[PDB]
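In the structure tokens that follow, the same protein chain appears in two forms, which are kept apart as structure 1 and structure 2.
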Structure 1
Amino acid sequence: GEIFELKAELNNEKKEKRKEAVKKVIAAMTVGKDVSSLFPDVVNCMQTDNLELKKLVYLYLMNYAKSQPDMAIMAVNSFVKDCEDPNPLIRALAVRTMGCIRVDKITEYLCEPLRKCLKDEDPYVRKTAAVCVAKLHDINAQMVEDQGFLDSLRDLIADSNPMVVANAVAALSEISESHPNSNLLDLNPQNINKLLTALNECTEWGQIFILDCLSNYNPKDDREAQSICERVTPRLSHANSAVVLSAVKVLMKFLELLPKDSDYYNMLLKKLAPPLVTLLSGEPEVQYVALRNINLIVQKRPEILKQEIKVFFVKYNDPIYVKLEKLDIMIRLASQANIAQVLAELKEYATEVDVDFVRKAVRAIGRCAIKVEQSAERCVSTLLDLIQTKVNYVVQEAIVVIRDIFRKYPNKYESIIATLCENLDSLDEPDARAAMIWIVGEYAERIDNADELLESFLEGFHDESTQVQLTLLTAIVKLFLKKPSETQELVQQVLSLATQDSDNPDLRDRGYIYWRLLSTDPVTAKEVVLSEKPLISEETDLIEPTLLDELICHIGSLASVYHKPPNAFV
């Protein structure tokens, strides 16, 4: 087809048609077509001095020598010759192109040009050589010459040019992933002072890199933390949004000084809020990231945005993720003084058309009921009305939150049991089914239908969620302990079904434990299963404190956006 025509026009003496054919070849490469067989004429066209054509040929070289080393080896002579090009721009281009080649042969011949370019008068070549040192560390880097590159790069941090300092900081931070007990390789306090000075001179990306590097360092003494924070704080104004987030991370980590007697603690807590509130006025993606991080900040340190609830009210034109995170953050900061405003907002949000937003609002009403004791009756009435709306998912969420309301406030909200048990066939979700099974089991004393409700589930015991199976087993054991004679056969049935007819090791483990506990002696089993339990104590979908601390140590990073540890995703 046209591939032969492309080859023909590449094999031409005119430079204009040569570069035009190179452009069409790269376009065909980009759209998805494979032109690896068109490598040699590009090799022939390599011998030129046009910066544009040279760069395009470099791009083709990296893209295809990523998988084709054998005949792409020959570019070593061209790279070596180009290393001494008087023009620094082509020097840096050649270094960055040669470092991007991952084949074994280029590794040996890259070492000398990289070493020559690391120590240079021109700073552009120095920055390119630093990042190329990082690239060389990316692939097969154990040779002692790599250690020479690393300590040369470490000494490169003390340089007058700011951008090379920023890129060297990024390179050290990247290489520091290795853990032969020799971690991060640097950051003695003189380098701390140097980096803190260099925040001003470096670009908006340099400030990000230097703040991320500083986040790893820990102060030796108390006064060092305050001296560092008094210099980190000016970054709270916008050099970049990521600059603000990194500065917030650095300040949040370094809050280890005196909680009360130190006034700078209160000053920093006051200063932290306005940048956080400002971040919400940006683009929707940056707003989403800021809200994801503000959630963690509020969970860790509630006393920052306590008096600033009005800015988190959801707006109709907001994007869906922004709306959900705003709802979560409002429910985090809900309090006795402003419970009316948030409750009215939740009443309005329960009527929206989006399923996820309505489910989260129905969750939030119960969360407010748990948090504020005085408004518990009003929230329960609202939840009952939402159930009476007869919408299926609203019923599911209302039941799953009424379970937690029962757990927090025991033996005082039993008038809701009949209205709840009326909605039994509407439950098709494992969570609401488990919630209703728990409700039936816990309060089986004062409801007569509990035996029928618990027995009706055993028909579809298998092909059911493990949560529901365990909840059902526990509920039936509870019901037996309340009423022994009436529930003799049911307990034997469920125990045999859980032990002999189940493949789950955990489920049959619980089955054996319960069966033997009931068999050996009744009163001990009654004391164990039916023992009084401490209250959940006003939990608001809290994340694990250890994971919360790790996420706070990783505020700016993506792990805070995912709310998952870096181990979960590589």
Structure 2
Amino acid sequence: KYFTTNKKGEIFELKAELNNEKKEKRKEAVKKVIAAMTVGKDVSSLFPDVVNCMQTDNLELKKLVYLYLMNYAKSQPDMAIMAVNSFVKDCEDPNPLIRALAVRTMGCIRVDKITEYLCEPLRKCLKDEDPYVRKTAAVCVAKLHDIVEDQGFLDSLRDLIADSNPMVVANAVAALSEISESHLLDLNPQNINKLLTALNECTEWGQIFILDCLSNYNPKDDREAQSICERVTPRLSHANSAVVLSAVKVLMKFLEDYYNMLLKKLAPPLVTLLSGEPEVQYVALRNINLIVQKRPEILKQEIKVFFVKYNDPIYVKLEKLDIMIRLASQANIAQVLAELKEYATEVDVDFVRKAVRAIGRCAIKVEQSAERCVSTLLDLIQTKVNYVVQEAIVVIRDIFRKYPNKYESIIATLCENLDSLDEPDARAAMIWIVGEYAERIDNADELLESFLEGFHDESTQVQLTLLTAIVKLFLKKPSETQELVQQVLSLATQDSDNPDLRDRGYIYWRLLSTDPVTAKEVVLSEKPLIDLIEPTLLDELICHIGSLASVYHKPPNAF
């Protein structure tokens, strides 16, 4: 009410030379209107004065008006409809850059009334003789569809597939594919042959669009599906990674001696995606993580490509590490453990903790290398690093559960590492190893007494494992540890206020006071010994190799 004048000011001074007669400094004016409203200045009062500059013959000045109009076409569409009479005069002008830019500007306006204006002037643009205009009109059908005469436009998209300029063919296929999400049949004789010949000549973004459409096609005969694949095979040599991953998605679908030759031609293009820029390697390695599950015989020999390089980002280091495990076999476990030992000495504390856990995943997967993984972790603990030692205790615990009564010489070396333990899960791993095997540990009660003095202010995982261990120590060594169990069950049932802790204290208190012989088969019995997408979801995500369903490893229903 105070700083709105319309007699003087910046809006007044802008409105002045926009009304002037020189063309070249009305062009400077509209640039000042775009640069005002980009930063966030309110130039809504200049709207009927900018569209007076539409009636001209200059191409540069007419685009600057259209750029001003496009910024209104999405946020406040009810204002940009007020100049729609100037659009429909421009969409039959010569200099067909004006005709295409008129049709784009009309299509981007979300107003129900504009469908009366994307009538009959649109169908001339679908039949235009400049292919740059047919390219524009092909997309604007999908703009109009996203808002029965347009059902007559749908067959005009099919007519544009038979064109000599292939970029017109490209956007028409991309238009039909988005329309077919909410409704195209690609029957062989003329559709597939004209798509694959346009595939060899169109631009790099249209080859994505054609190879995304062929994945919807269902072939019938086995050598008919083979006859497609000799044309798709040279498309996995392209510079773009989006073209290669779309070519793979067709070839992973149309996979019914040429079978053996095709799987040998999938491995060099998937290797060469990893020389790319780090966002692309993430998109590739999330798909490589799916391909080595469904077809593990493609990249069986290529584990050296997947070794983590130091300057990779953290989202490429963690995805390269999941594929090194899936290719970890007995023929190459020795160089994997050369790498996993090396990554565990890096300064990235987030990545070292996963490299040490990847060692125990190689011991569980490759059973023949269990001793080499145990000797690898022992060399890590001798470094005395705080975040490696207490990580490797967790991993050794899962080996003792997996391979019991084999590796228990090393506990005399693990038990001297107690003062380097401050994680709750890492302390609970040593208490389990002291709780088990206590007829092998010399001073198991002197170790477990050192934890009961600080029984509170420990985690309930540590409190429960220390409860389970001292009961196991009692049934293994009665009459030495009578003081510990009367200590810890007084700590559990009387001092602690956790209900889950104090009744587990009771269940042990009831069993020891009923029959310690009966408690031996209950507590100290032998425990039964103890990571891949299930093939319903897995075979779904191979049908979406390029897309975000494979980057997320989730079906498209959750998007």
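The term rigid core refers to the maximal set of C-alpha atoms that superpose within 1.5 Å between the two forms. Residue numbering: sequential along structure 1, first residue numbered 1.
Undergrad: Which one of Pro234, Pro430, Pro302, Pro274 is the only residue whose C-alpha moves by 2 Å or more between structure 1 and structure 2, after superposing on the core?
TA: Going through each option, the one that shifts is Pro430.
Undergrad: Taking the rigid core as reference, does the Cα of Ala92 move 2 Å or more between structure 1 and structure 2?
TA: After core superposition, the displacement of the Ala92 C-alpha between structure 1 and structure 2 stays below 2 Å, so no.
Undergrad: When the two forms are laid on each other by their rigid core, does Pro284 show a Cα shift of 2 Å or more between structure 1 and structure 2?
TA: No.
Undergrad: Is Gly206 displaced by at least 2 Å at its C-alpha between structure 1 and structure 2 when the rigid core is overlaid?
TA: The answer is no, as the C-alpha of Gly206 shifts between structure 1 and structure 2 by less than 2 Å after core alignment.
Undergrad: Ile101: how far does its C-alpha move between structure 1 and structure 2, core aligned, in angstrom?
TA: With the cores aligned, its C-alpha sits 0.6 Å away.
Undergrad: Superpose on the rigid core and then read off how far the CA of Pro484 has moved between structure 1 and structure 2, in Å.
TA: Comparing the two forms, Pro484 shifts 22.4 Å at C-alpha.
Undergrad: Superpose the two forms on the rigid core and tell me the Cα shift of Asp70 between structure 1 and structure 2 in angstrom.
TA: On core superposition, this C-alpha lies 4.9 Å from its counterpart.
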